[PDB]
């Protein structure tokens, strides 16, 4: 069975401006020691239409991994607005934290993200070209989706 399970993800500094970093406090249990690296990544879904609009904001390595319960802080810069299809910029999208071992993704933690104007005028009459300096990002942290995949450890 799985050698690593996620205990918690704390979503910090949320809601926040669109342009502010994502900040996650990741806590996990390792039941059997891993000599090789866990690779963690944060992926922004730029568009529901296609995976081609995914942005990998950042990637971090953790290893070797002792048995026990552990925590680290994973921060990543906000996505590049220019690469987001304009119709999908405002409103709901998804951000993902994934973990990979020996090149196989064994866990995917997703959150819904609402990008909203707080300015009533903008809310009412949003510009054709979104103003990202006016968008607030609200990560829906009370509703994580944790998907596990069986992988071959060793």
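Numbering follows the first chain given and starts at 1.
Exercise. Using the B-factors recorded in the PDB entry, average over the C-alpha atoms of 112-120 and of 66-74, then report which stretch comes out higher.
Key: Here the higher of the two C-alpha B-factor means belongs to 112-120.
Self-check item: 122-130 set against 33-41, stretch whose average Cα temperature factor tops the other in the entry
Solution: Stretch with the higher mean C-alpha B-factor: 122-130.
Quiz item: Reading the B-factor column of the entry, which of 57, 26, 97, 48 has the highest value at its C-alpha atom?
Solution: Comparing C-alpha B-factors across 57, 26, 97, 48, the top value belongs to 48.
Quiz item: Compared with the other modelled residues in the chain, in which third is the CA B-factor of residue 85?
Solution: Ranked within chain, residue 85 CA B lands in the middle tercile.
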